[PDB]
Amino acid sequence: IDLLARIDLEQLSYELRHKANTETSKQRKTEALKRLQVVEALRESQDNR
DNA sequence: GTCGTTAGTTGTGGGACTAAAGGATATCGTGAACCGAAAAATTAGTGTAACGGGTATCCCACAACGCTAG
């Protein structure tokens, strides 16, 4: 609860895009984009409700 | 010589498997003793009859004419 409350979705998404853009490993990039999917899904949810 | 990377396994985990009818199941093992709770049953106590007028209603019966003289 505390960790997810302290989370910042916009900053987290920007950090993940940066990490994907500056990573020399394909697997790390895949993990970064996979987390970005869920982060952006939550961001899109926060617009409707 | 040593460290990160990539691709191809390899083991492991989560998700599918016509339609129609019908549709009954049986379900162990035991430790004691006292207190409290409320739900139930048993027991103890009080009682009328006709009368005066006057009047409201009911049922029950009957009436509600015809002629003659001053």
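All residue numbers for the first sequence refer to the entry's author numbering, where the first residue is 199 and numbers rise by one. Here a beta-carbon is modelled for each residue, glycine too, at the ideal position from N, C-alpha and C.
Quick one: using the 10 Å Cβ neighbour count with 16 as the cut-off for buried, is residue i buried or exposed?
i, result
"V237", "buried"
"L207", "exposed"
"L214", "buried"
Comparing alpha-carbon positions, which option in the options lies nearest residue i?
i, options, result
"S211", "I199, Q225, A239, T222", "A239"
Residue i and residue j look like a contact to me (Cβ under 8 Å); what is the Cβ gap, rounded to whole Å?
i, j, result
"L231", "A218", "6 Å"
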